[PDB]
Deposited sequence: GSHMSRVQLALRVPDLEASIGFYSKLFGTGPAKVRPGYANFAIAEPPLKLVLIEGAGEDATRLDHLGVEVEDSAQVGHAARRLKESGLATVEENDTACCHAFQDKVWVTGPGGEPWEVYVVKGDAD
């Protein structure tokens, strides 16, 4: 029943940003690949994703998310959101590539509820 927010930022300089966030949260990234890095932060509970943008001058929000523990949680979330009247798109186990629900806010900000 626990979850944590996911904050995905599109950054102009991945290397600079990896350094900054390591110092900010006091821990190194969990995964680094060309073009992206992930941090799993304990306090505050957070999944931080850094995506190389390079074709822009300043950091911008890429997407937002809620990372849940299992497939059953994604299902419950999907049903609750749909019941609430939100327009949702869902991909889930009945084995899925990824168990996930997508919704978008009125200002265009995209949200995803998912399992790692």
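According to the record, no C-alpha positions are given for deposited positions 1-2, 97-99, 122-126, numbered from 1.
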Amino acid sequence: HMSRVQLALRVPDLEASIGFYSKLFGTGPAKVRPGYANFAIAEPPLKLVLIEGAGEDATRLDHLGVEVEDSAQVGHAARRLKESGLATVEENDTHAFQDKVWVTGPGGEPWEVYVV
From here on, numbers count along this sequence of modelled residues.
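Under this definition, the rigid core comprises the largest set of C-alpha atoms superposing within 1.5 Å between the forms.
The rigid core fit leaves 83-91 as the farther-lying stretch in 4 other deposited structures of this protein, judged by Cα positions and set against 44-52 and 83-91. Put simply, when the other structures in 4 other deposited structures of this protein are lined up on the rigid core, the C-alpha atoms of 53-61 lie farther off than those of the other stretch, from 53-61 and 73-81. Among other deposited entries of this protein with both flanking residues present, none omit coordinates for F25; it is modelled throughout, well short of a third. Modelling of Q98 is missing from a third or more of the other compared entries in which both of its neighbours are modelled. A summary of the deposited B-factors shows that, of 48-56 and 63-71, the stretch with the larger mean C-alpha value is 48-56.
Stretch comparison (95-103 versus 7-15) by mean CA B-factor in the PDB entry places 95-103 on top. Across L86, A78, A40, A37, the entry's maximum B-factor at the CA atom is seen for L86.
Residue-level temperature factors show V113 in the lowest third of its chain, judged at the C-alpha atom.
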